[PDB]
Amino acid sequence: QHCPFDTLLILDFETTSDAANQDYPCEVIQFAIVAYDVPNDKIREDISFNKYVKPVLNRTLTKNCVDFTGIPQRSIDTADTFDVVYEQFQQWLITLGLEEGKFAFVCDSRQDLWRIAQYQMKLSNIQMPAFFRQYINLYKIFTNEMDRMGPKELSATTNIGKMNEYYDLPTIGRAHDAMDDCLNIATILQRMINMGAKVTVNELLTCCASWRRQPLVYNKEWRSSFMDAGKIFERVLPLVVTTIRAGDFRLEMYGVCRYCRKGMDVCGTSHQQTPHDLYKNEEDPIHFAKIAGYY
C-alpha cells in the first residue's frame, strides 16, 4: 500500500562496548535480520539471518557488554570474523531473489547503519553497499506518528521500549538480543502499518553536508557522553545522515548519492570532509579514529 517496497528487512547489530567509554572501536558481534512481506503484511521469521561475529580488535567481551547484550563469550569464540559473516549475508541475500531497490532495511535508529555498519566496514576494508546507504529509521516514523495521532507520557528508556509502550505491545523476549530486537521492531512496524503509517526510507547516507563545513566545537569530556560522542563520529565517519520526506522519496534514488548525485561505486571511496581540526592534538588522540586508520 503506502510502502513502495515489496520486502522489508529488519536489521540489528550488537557490538563490543565498554559502557563508561565512548572512545571505543565498536565491532559487530551479532548480525540479525528478519524479513517482512509487504503486500501480505506478514512477518516472515522463516526468512531470517542470525550470525555471531568474532571481533579482532577487542577479543574479550567486557562484562558490562555481556550484561547489556546477553551474549556470552563462548558464542563469539566459535564465531567467524566480520568479513566471512558479511560474505554469508551477501550470499543469503542472493538466495532470496529480491530486486535491487525493491527492498529496504529497517532499524530502530540511525546507529546500526550510519555508525556501526559504516565503522565496521572500514575495519574490514569493505565498501559501503548501496542497500545500507538508504534505509528506514523506524523511530523517526514513530515520532511523526505520535505527532499525527496523539503524544502520551512514556517511561521506557530505549527506542524499542517507547514504541512498544505507545502502541501498547508486549515486549518480545528480552532487550538487546539481536533477533529479539528484530522481532520487536517487526511487530511494531506491522502495527504502524495497520494504523495507516507510510513506512518508506527516511534516511540517506551522503558524502557531504553543509553543516560539516563548520568545525565542531570540541567538548573535552566527550568520552563519557553518548550525545557528544555522536558529534565526533559524525565528523570522523565519511558518510553523513541526510533525511528525506516520505513524499519526496523515489525508488529510483537507490544507488545514487543524494548529495553529489553520483553512483555509489564512485561516491564514498574517500572522506570528502576530513576533520583535520580534530586531528592535530597529539596530546588527546581519538582512539577509535586512530585504530581504524582515519588518521
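From 1 onward, residues are counted along the sequence shown.
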item: Mean Cα B-factor comparison, 38-46 or 232-240, giving the higher one as deposited; value: 38-46
item: Mean C-alpha B-factor comparison - 205-213 and 169-177, higher one; value: 169-177
item: Out of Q134, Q90, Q111, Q120, highest CA B-factor residue; value: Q90
item: Residue selected from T157, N184, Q190, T200 by maximal Cα B factor; value: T157
item: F226 by Cα B-factor - lowest, middle or highest third of the modelled chain; value: highest
item: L278 by Cα B-factor - lowest, middle or highest third of the modelled chain; value: highest
item: Relative C-alpha B-factor of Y218, binned into the chain's lowest, middle or highest third; value: highest
item: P129, C-alpha B-factor rank within chain (lowest, middle or highest third); value: middle
item: Chain-relative CA temperature factor third for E27; value: lowest
